[PDB]
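Comments concern the structure below.
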Amino acid sequence: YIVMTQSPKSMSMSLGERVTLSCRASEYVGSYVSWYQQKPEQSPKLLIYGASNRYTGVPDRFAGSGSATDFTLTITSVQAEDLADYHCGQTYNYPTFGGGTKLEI
Amino acid sequence: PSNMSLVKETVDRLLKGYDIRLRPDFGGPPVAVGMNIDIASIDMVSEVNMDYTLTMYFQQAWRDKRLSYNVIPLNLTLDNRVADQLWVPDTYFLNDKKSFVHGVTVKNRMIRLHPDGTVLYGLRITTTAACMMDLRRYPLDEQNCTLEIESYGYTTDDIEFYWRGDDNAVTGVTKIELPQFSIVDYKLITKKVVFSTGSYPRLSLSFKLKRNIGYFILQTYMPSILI
Amino acid sequence: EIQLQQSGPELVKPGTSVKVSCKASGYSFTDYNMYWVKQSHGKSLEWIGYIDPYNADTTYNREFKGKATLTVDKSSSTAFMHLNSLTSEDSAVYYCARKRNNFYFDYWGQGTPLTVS
Amino acid sequence: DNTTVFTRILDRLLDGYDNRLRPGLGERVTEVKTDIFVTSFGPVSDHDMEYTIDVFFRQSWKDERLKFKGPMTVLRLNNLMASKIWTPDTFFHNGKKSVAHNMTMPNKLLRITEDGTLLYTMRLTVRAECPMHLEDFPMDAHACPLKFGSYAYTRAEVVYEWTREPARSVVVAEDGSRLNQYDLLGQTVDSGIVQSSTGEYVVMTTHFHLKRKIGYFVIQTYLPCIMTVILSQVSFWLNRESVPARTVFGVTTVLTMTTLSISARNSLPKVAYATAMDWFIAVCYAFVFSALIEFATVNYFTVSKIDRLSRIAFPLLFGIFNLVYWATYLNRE
Amino acid sequence: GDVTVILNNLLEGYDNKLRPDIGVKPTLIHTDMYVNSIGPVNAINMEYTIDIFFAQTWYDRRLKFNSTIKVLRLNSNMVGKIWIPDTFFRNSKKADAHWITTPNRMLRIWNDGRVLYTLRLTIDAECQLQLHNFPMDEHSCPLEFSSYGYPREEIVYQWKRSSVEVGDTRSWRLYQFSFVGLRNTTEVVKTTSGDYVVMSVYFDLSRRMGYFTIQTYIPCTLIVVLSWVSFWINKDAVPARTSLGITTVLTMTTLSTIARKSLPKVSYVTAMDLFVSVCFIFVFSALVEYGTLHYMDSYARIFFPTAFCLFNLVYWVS
Ligand SMILES: *[C@@H]1O[C@H](CO)[C@@H](O[C@@H]2O[C@H](CO)[C@@H](O[C@@H]3O[C@H](CO[C@H]4O[C@H](CO)[C@@H](O)[C@H](O[C@H]5O[C@H](CO)[C@@H](O)[C@H](O)[C@@H]5O)[C@@H]4O)[C@@H](O)[C@H](O[C@H]4O[C@H](CO)[C@@H](O)[C@H](O)[C@@H]4O[C@H]4O[C@H](CO)[C@@H](O)[C@H](O)[C@@H]4O)[C@@H]3O)[C@H](O)[C@H]2NC(C)=O)[C@H](O)[C@H]1NC(C)=O
Ligand SMILES: *[C@@H]1O[C@H](CO)[C@@H](O[C@@H]2O[C@H](CO)[C@@H](O[C@@H]3O[C@H](CO[C@H]4O[C@H](CO)[C@@H](O)[C@H](O)[C@@H]4O)[C@@H](O)[C@H](O[C@H]4O[C@H](CO)[C@@H](O)[C@H](O)[C@@H]4O)[C@@H]3O)[C@H](O)[C@H]2NC(C)=O)[C@H](O)[C@H]1NC(C)=O
Ligand SMILES: *[C@@H]1O[C@H](CO)[C@@H](O[C@@H]2O[C@H](CO)[C@@H](O[C@@H]3O[C@H](CO[C@H]4O[C@H](CO)[C@@H](O)[C@H](O)[C@@H]4O)[C@@H](O)[C@H](O[C@H]4O[C@H](CO)[C@@H](O)[C@H](O)[C@@H]4O)[C@@H]3O)[C@H](O)[C@H]2NC(C)=O)[C@H](O)[C@H]1NC(C)=O
Ligand SMILES: *[C@@H]1O[C@H](CO)[C@@H](O[C@@H]2O[C@H](CO)[C@@H](O[C@@H]3O[C@H](CO)[C@@H](O)[C@H](O)[C@@H]3O)[C@H](O)[C@H]2NC(C)=O)[C@H](O)[C@H]1NC(C)=O
Ligand SMILES: NCCN1C(=O)CN=C(c2ccccc2F)c2cc(Cl)ccc21
Ligand SMILES: *[C@@H]1O[C@H](CO)[C@@H](O)[C@H](O)[C@H]1NC(C)=O
């Protein structure tokens with residue numbers, strides 16, 4: 001299968017600052033690389049689908065990018081509600097998610 | 001917008017009760033199907049197959065007393081799709097190996113019902129007309145080629161071909177710049193060939209092509225002479 | 001709106017089979033493939049398999065080939081996952097997703113706690 | 001007497017149906033789930049920068065209007081009924097002179113499931129356009145695309161998606177490879193959006209990855225040229241006192257190169273770049289011309305040091321150029 | 001539905017034959033193009049293939065509908081039903097609209113009566129490609145198009161500022177040439193049928209001489225140099241001189257034959273033909289120079305390269 005590699009293992013940053021979460025796919029995945037946010041003891045909620053398109057109801061600060069293999073999720077200004085695990089899950093081949101980078105103060 | 005409705009009702013009146021099977025003035029004197037040609041270009045002269053590809057704005061104007069209107073003082077030019085609903089001369093080119101009417105964007109074709117009744121029917125035609133090449137003087141040859149317009153099913157009793165305008169019926173020949181040829185002259189003949197069944201009409205547009213020795217003197221003769 | 005209700009938490013001894021459901025009500029059930037995913041504590045999401053409810057065509061991950069049996073009840077508009085031969089590794093939390101298109105899993109289940117001991 | 005049921009249902013299905021309008025107009029987007037099964041990857045037209053491909057172009061889309069309940073879940077329909085129901089106008093963005101096979105009857109079926117999930121399969125021979133940059137000839141590899149999407153419907157009315165996983169939605173038959181000078185390494189797909197003046201449209205790209213087969217050229221042209229330059233270098237071996245022999249050998253070398261260059265050009269179309277034939281044939285041309293010039297220098301000199309040094313120097317230069325050129329274009333991607 | 005009853009109302013009592021506002025005023029038509037790719041320029045037939053997305057706009061009082069729907073986005077099925085301007089390309093040797101999978105045509109209609117009929121076309125247009133100075137010939141190849149039957153009094157074509165949306169020239173098949181730029185025009189042409197308005201799009205194509213330079217000019221120039229090699233050959237040495245001199249003419253002849261391929265049958269004194277003829281007579285002059293010498297040599301040795309340089313200078317000026 002295609003193996004996802006969340007390069008930043010656990011980023012910690014204070015509120016109101018820029019943080020980018022990388023996501024590397026072992027093989028070509030085109031533009032089918034979604035991003036999900038999982039709060040503790042809660043089901044994942046989609047944030048970005050495609051490569052950069054933003055899912056409805058998502059704050060504008062969330063923004064993605066990535067062409068073939070290198071995919072990045074950037075938070076313009078981290079807030080008190082942005083602290084959770086983030087996984088990037090491709091769907092070009094059969095689904096295979098990432099490790100899940102942790103966000104802290 | 002009254003003119004819109006007037007034109008609508010007039011066109012509906014004309015095309016209602018119209019028999020495409022019957023020629024104009026059926027059971028009467030022959031219908032004088034005037035013709036008019038404007039050679040857009042002569043694409044090429046295929047001497048190997050002994051034919052030339054010619055693209056022309058073929059036009060043929062005749063009178064049909066049924067298609068007569070007087071209320072509107074203007075010359076309707078209906079869509080080309082109406083030609084199938086109107087009588088047309090069964091013209092065919094006797095020496096025509098392959099030809100087609102251009103289709104892009106819509107089928108290149110015209111109809112224009114003049115007030116008196118004269119119907120100006122025209123097509124943009126490309127023809128690979130045949131031309132017997134006597135290439136025994138080639139390259140110093142004066143190949144003569146012709147287009148042979150003739151009715152298929154109608155004899156001179158029912159139909160009649162003439163060049164509306166004694167010589168102006170052919171136009172745009174001078175501006176043609178053939179690659180290897182020069183159109184020294186063109187003539188128009190209006191014969192009435194007599195066949196076994198009867199006397200059929202005929203119009204024979206002719207071009208007296210002259211080979212351009214300037215090209216071939218350096219292409220072919222000059223190397224051989226030099227050697 | 002769309003709600004994906006799953007069966008409540010369960011505890012079972014090793015080796016005994018279990019059944020976990022996934023109820024969808026917001027949308028017509030047969031339209032979209034229902035995916036099943038596993039996530040052990042503190043680990044990543046792991047795809048189990050998806051069931052096409054309309055024709056019940058099913059596909060499973062190689063590791064779970066024969067480990068989980070996905071069955072659907074179009075009449076009930078619920079998707080069931082039947083696990084058998086339970087072991088220590090099987091202790092995890094299982095969600096049921098909903099693939100809107102080739103890009104994203106639109107909706108996710110509440111997540112079913114499964115513990116084996 | 002089961003034929004009556006099918007006749008009645010099939011006839012009454014299409015009543016009140018407006019072919020002009022898309023499914024579910026004004027209430028949702030029409031999702032067309034496409035899929036391609038390449039029956040055969042036709043020849044790659046190198047001269048015209050295009051390739052032919054025979055494909056079973058399948059594509060399904062939900063339609064509530066064509067909903068029926070009956071004994072049979074699937075109702076195969078003849079080609080006549082296919083025209084009377086709405087279909088996606090899925091043209092090819094880089095298509096050029098495509099033909100839909102019609103022998104014996106039109107090669108296209110249309111199955112309507114009970115829910116309304118149409119399946120509109122057809123057979124095509126699209127001659128898509130593949131922009132080729134033949135700068136890394138003959139090692140040049142090209143990711144020829146097959147972009148296709150709706151023509152009359154924007155992104156907000158008709159959206160295309162793959163019926164299966166994108167990796168598993170462009171299946172190529174094992175024996176379908178008709179390539180004579182290529183190798184279909186693999187397939188890759190993507191679903192982008194195109195910003196046109198009249199609006200936005202969705203495009204379903206599929207990049208067929210092809211690598212040119214060097215086997216033909218390496219024997220047809222390269223090897224004779226290498227042989228000829230060796231022959232030119234052999235001209236140095238002849239004794240300088242034999243003027244006519246070296247003269248005729250030298251002139252023959254360039255005559256041979258002329259023949260080989262003439263043969264080379266007809267193989268490929270126009271290219272204003274430093275393609276492989278340009279570079280290698282030019283270098284060999286210069287080598288043989290230098291051999292002639294060297295013999296002219298020898299003739300004026302009148303075996304002497306100059307002749308031996310000039311002879312020995314060149315083969316090292318030719319080998320250096322060969323090593324650099326081959327190692328370069330072999331590693332270049 | 002509402003859209004279907006709107007369509008039925010529109011087509012009801014609609015005369016396909018008659019143009020909008022016939023007998024009232026000319027039907028102004030706005031046309032904009034998107035030249036997707038200019039196919040290869042066919043010097044043999046003096047034509048060039050071009051792929052375009054030809055879009056036409058014209059008001060039509062009949063096709064007015066008042067509803068919440070601002071636009072009726074339709075497929076090619078309705079193209080035949082409604083009146084269409086009978087536009088045709090006045091220099092199209094052969095053209096065809098693509099049909100796979102379905103006819104590549106669209107038709108959008110607004111409340112005010114606007115129509116936006118567009119379609120994809122592949123015209124093998126005719127361009128008067130004269131080769132007096134070849135390869136040097138910049139050409140403004142036209143794409144004249146106008147209504148075939150409707151007079152100027154009845155159909156007027158009017159460019160918009162954003163008319164010719166040239167595409168990505170990188171992926172074009174314009175090799176042998178470079179798209180310098182486009183230039184639109186609009187005039188009246190008088191013909192036997194009547195008066196018409198002709199919209200001509202001039203594509204400023206500039207020659208790309210590199211391919212022909214390396215293909216032909218470089219090797220033939222090397223042949224000319226080979227002629228000098230025979231000059232530098234010295235001593236009586238009759239067999240060697242004869243072998244060199246006569247052997248050169250063979251390769252020159254083969255090169256001329258190969259150059260003849262791309263050349264059409266146009267009766268022009270082509271610059272390429274002039275060049276190869278100059279090389280031809282140069283080799284012939286060298287051979288006869290040896291012929292007379294056998295029956296002075298140094299002077300010719302000096303003279304000939306200078307003449308070659310002068311010829312190259314004059315050719316470079318052109
Ligand atoms: C002398 O003989 C020749 C043939 O030997 C006849 O020419 C043929 O005439 C028929 C009848 O009009 C044409 O049929 C039409 O074909 C349309 C698509 O054709 C494409 O496919 C064929 C192969 O099947 C190709 O050969 C065509 O290419 C050739 O023609 C084009 C010009 O059309 C040239 O440019 C090419 O170089 C080729 O020469 C094409 O690729 C087809 O769409 C059309 O059907 C529509 O129109 C009819 C009109 O009545 C409707 O009934 C029908 O329902 C269709 O209408 C729907 O679709 C249109 C699409 O625009 C919508 O606008 C409508 O609203 C509606 O939704 C028709 O079937 C045939 O193409 C043509 N050429 C041949 C066979 O090569 C001459 O007519 C005949 N007479 C004379 C005087 O020459
Ligand atoms: C709708 O259809 C009508 C009917 O076919 C056409 O009307 C033609 O309009 C043109 C205008 O350019 C007329 O051309 C001129 O006609 C004059 C009178 O023609 C009558 O008399 C001659 C006498 O020989 C008859 O042959 C002819 O059939 C008419 O009965 C001519 O005297 C003119 O001669 C010269 O005019 C100028 C002078 O400089 C020259 O440039 C010309 O070349 C020509 O040598 C000229 O021919 C034409 O006559 C009208 N046709 C008819 C039948 O009357 C139009 O197509 C159109 N008319 C509309 C919409 O009003
Ligand atoms: C390219 O090749 C074609 C071959 O088809 C040449 O076409 C021939 O051209 C000549 C000259 O133009 C044509 O000759 C014409 O014949 C007509 C018919 O003659 C008969 O006329 C009546 C019947 O109407 C008979 O009673 C009578 O006895 C004749 O037998 C003539 O009417 C033509 O006009 C004049 O012809 C002569 C004088 O030349 C006299 O009778 C009269 O003055 C008459 O007014 C003309 O003569 C011939 O028909 C064409 N077809 C052929 C030969 O098949 C092209 O000419 C050629 N290209 C060029 C540039 O010449
Ligand atoms: C393609 O053709 C169009 C029109 O045929 C060319 O656009 C036209 O350019 C002229 C040059 O200035 C414009 O004239 C000026 O327009 C402004 C704005 O309308 C007006 O205020 C001035 O008084 C003057 O008339 C003209 O408007 C404009 N056409 C339109 C419809 O606005 C265009 O340049 C051509 N493309 C080329 C040459 O590449
Ligand atoms: N790159 C977008 C620019 N562009 C246009 O603006 C013209 N229109 C379309 C178009 C028309 C209808 C449907 C989809 C389309 F993309 C088009 C088509 C091609 Cl093949 C290339 C370019 C292109
Ligand atoms: C549509 O109706 C409005 C009023 O509801 C009217 O003003 C307008 O002229 C109508 N347009 C038509 C009939 O085209």
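Every chain in the structure tokens has a letter given in the order shown (A, B, ...), and although residue numbers restart at 1 in each chain, ligands are simply numbered from 1 in the order shown.
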For this session: Could you tell me, counting only C-alpha atoms and all ligand atoms, which protein and nucleic acid residues lie no more than 8 Å from ligand 2, written as number ranges by chain?
Result: B: 73-75, 114-116, 118; E: 194
Can you write just those residues out, C-alpha atoms, as a PDB file, in the first residue's frame?
```pdb
ATOM      1  CA  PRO B  73     -40.021  45.032 -50.634  1.00  0.00           C
ATOM      2  CA  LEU B  74     -36.932  43.001 -49.769  1.00  0.00           C
ATOM      3  CA  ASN B  75     -35.063  39.851 -50.770  1.00  0.00           C
ATOM      4  CA  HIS B 114     -36.072  37.430 -54.736  1.00  0.00           C
ATOM      5  CA  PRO B 115     -39.389  39.323 -54.926  1.00  0.00           C
ATOM      6  CA  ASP B 116     -40.045  38.552 -58.596  1.00  0.00           C
ATOM      7  CA  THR B 118     -35.875  34.400 -59.096  1.00  0.00           C
TER       8      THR B 118
ATOM      9  CA  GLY E 194     -23.893  40.772 -52.568  1.00  0.00           C
TER      10      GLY E 194
END
```
For this session: For chain C, list the residues within 6 Å of chain A, counting only C-alpha atoms, and write the list as a ChimeraX atom specification.
Result: /C:44-45,103-104,110
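Summary of the local environment: counting only C-alpha atoms, residues at most 10 Å from residue 305 (chain E), other than itself and those fewer than 5 positions away along its chain, are residues 224, 225, 227, 228, 300, 310 and 311 of chain E.
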For this session: Tell me, in Å to one decimal, how far CA of residue 106 (chain B) is from CA of residue 18 (chain D).
Result: 25.7 Å
Seminar exercise, completed: Using only C-alpha atoms, the shortest atom-to-atom distance to residue 174 (chain B) among B:113, B:66, B:87, B:186 belongs to B:186
Exercise. So which bits of region 143-331 of chain D end up strand (DSSP E) when you DSSP the backbone, as number ranges by chain?
Worked result: D: 143-145, 148-150, 158-162, 170-172, 182-196, 199-212
What residues have any atom no more than 8 Å from ligand 5 when counting only C-alpha atoms and all ligand atoms, and can you list them as a PDB file with C-alpha atoms, in the first residue's frame?
```pdb
ATOM      1  CA  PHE D  92     -11.855  14.777 -25.013  1.00  0.00           C
ATOM      2  CA  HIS D  93      -9.899  17.934 -24.251  1.00  0.00           C
ATOM      3  CA  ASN D  94      -6.917  16.797 -26.353  1.00  0.00           C
ATOM      4  CA  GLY D 149     -14.621  16.341 -19.318  1.00  0.00           C
ATOM      5  CA  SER D 150     -18.027  17.754 -20.064  1.00  0.00           C
ATOM      6  CA  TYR D 151     -18.351  20.394 -22.779  1.00  0.00           C
ATOM      7  CA  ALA D 152     -21.641  22.186 -22.115  1.00  0.00           C
ATOM      8  CA  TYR D 153     -21.832  21.802 -18.316  1.00  0.00           C
ATOM      9  CA  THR D 154     -19.727  23.742 -15.819  1.00  0.00           C
ATOM     10  CA  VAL D 194     -10.127  24.034 -15.685  1.00  0.00           C
ATOM     11  CA  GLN D 195     -10.669  27.810 -15.619  1.00  0.00           C
ATOM     12  CA  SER D 196     -12.216  28.670 -18.983  1.00  0.00           C
ATOM     13  CA  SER D 197     -13.648  32.013 -20.039  1.00  0.00           C
ATOM     14  CA  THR D 198     -17.219  30.700 -20.159  1.00  0.00           C
ATOM     15  CA  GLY D 199     -16.864  29.106 -16.722  1.00  0.00           C
ATOM     16  CA  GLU D 200     -15.187  26.405 -14.675  1.00  0.00           C
ATOM     17  CA  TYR D 201     -15.053  22.786 -15.808  1.00  0.00           C
ATOM     18  CA  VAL D 202     -13.835  19.534 -14.273  1.00  0.00           C
ATOM     19  CA  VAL D 203     -11.200  17.468 -16.082  1.00  0.00           C
TER      20      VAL D 203
ATOM     21  CA  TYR E  34      -9.821  30.409 -28.301  1.00  0.00           C
ATOM     22  CA  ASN E  36      -6.357  25.864 -28.683  1.00  0.00           C
ATOM     23  CA  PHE E  53     -13.313  26.908 -29.758  1.00  0.00           C
ATOM     24  CA  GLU E 165      -7.947  34.160 -26.337  1.00  0.00           C
ATOM     25  CA  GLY E 167      -3.868  29.449 -25.494  1.00  0.00           C
TER      26      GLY E 167
END
```
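The residues sitting within 8 Å of ligand 1, with only C-alpha atoms and all ligand atoms considered, come out as residues 100, 101, 102, 103, 104 and 107 of chain B; 76, 77, 78, 79, 80, 81, 82, 94, 95, 96, 97, 98, 99, 103 and 105 of chain E.
Every chain E residue lying within 8 Å of chain B, based on only C-alpha atoms, is listed here: residues 15, 16, 17, 18, 19, 21, 22, 23, 24, 45, 86, 87, 88, 89, 94, 95, 96, 97, 121, 148, 149, 150, 264, 265, 266, 267, 268 and 269 of chain E.
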For this session: For residue 270 (chain D), work out the shell of residues within 10 Å, counting only C-alpha atoms and skipping chain neighbours fewer than 3 positions away, then give it as a PyMOL selection string.
Result: (chain D and resi 47-48+134+265-267+273) or (chain E and resi 40+175-176+211-212+215)
Output of the above residues as a short mmCIF file (atom, residue, chain, number, x, y, z; two decimals), in the first residue's frame, restricted to C-alpha atoms:
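Result saved to result.cif:
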```
data_model
loop_
_atom_site.label_atom_id
_atom_site.label_comp_id
_atom_site.auth_asym_id
_atom_site.auth_seq_id
_atom_site.Cartn_x
_atom_site.Cartn_y
_atom_site.Cartn_z
CA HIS D 47 5.65 12.47 -36.40
CA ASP D 48 2.31 14.09 -35.54
CA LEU D 134 11.82 15.40 -28.10
CA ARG D 265 15.61 12.84 -40.53
CA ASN D 266 12.75 10.89 -42.12
CA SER D 267 12.38 8.83 -38.94
CA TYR D 273 16.24 21.51 -30.66
CA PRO E 40 1.59 22.05 -38.29
CA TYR E 175 6.96 23.94 -34.78
CA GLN E 176 8.73 25.39 -37.84
CA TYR E 211 15.81 23.08 -37.72
CA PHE E 212 16.35 23.87 -41.39
CA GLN E 215 19.27 19.99 -41.41
#
```
For this session: Could you report the residues within 7 Å of ligand 6, using only C-alpha atoms and all ligand atoms, as a PyMOL selection string?
Result: chain E and resi 64-66
For this session: Residues within 10 Å of ligand 3, counting only C-alpha atoms and all ligand atoms: report them as a list in words.
Result: residues 142, 143, 144, 145, 146, 147, 148, 183, 184, 185, 186, 187, 188, 189, 190, 191, 192, 193, 203, 204, 205, 206, 207, 208 and 209 of chain B
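Every residue having at least one atom no farther than 8 Å from ligand 4 is included below, with only C-alpha atoms and all ligand atoms taken into account: residues 158, 159, 160, 161, 162, 163, 164, 182, 183, 184, 185 and 186 of chain E.
Straight-line separation from CA of residue 60 (chain B) to CA of residue 83 (chain B): 12.8 Å.
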For this session: With a cut-off of 6 Å and counting only C-alpha atoms, select all residues of chain D in contact with chain E and give the selection as a VMD selection string.
Result: chain D and resid 89 to 91 131 152 244 271 to 272
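With only C-alpha atoms as the atoms that count, the minimum distance from residue 11 (chain C) to the choices C:88, C:78, C:97, C:106 is reached by C:88.
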Problem set entry | Exercise: residue 35 (chain C) partners within 9 Å, only C-alpha atoms, chain neighbours under 2 positions left out, as an NGL selection string | :C and (33 or 37 or 47-52 or 95-99 or 105)
Print the selection's residues with C-alpha atoms to a file, as a tab-separated table (two decimals), in the first residue's frame.
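Here's the written file again33.tsv:
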```tsv
chain	number	residue	atom	x	y	z
C	33	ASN	CA	-19.74	3.01	0.27
C	37	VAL	CA	-11.56	1.83	10.24
C	47	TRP	CA	-8.48	0.76	7.20
C	48	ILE	CA	-10.39	-2.50	7.66
C	49	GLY	CA	-12.64	-2.68	4.63
C	50	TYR	CA	-15.58	-1.13	2.84
C	51	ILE	CA	-18.98	-2.52	1.88
C	52	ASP	CA	-20.98	-1.30	-1.10
C	95	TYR	CA	-15.13	4.05	13.51
C	96	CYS	CA	-17.31	3.73	10.42
C	97	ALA	CA	-16.70	6.36	7.76
C	98	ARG	CA	-18.69	7.44	4.69
C	99	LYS	CA	-16.87	8.06	1.41
C	105	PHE	CA	-14.51	10.64	4.12
```
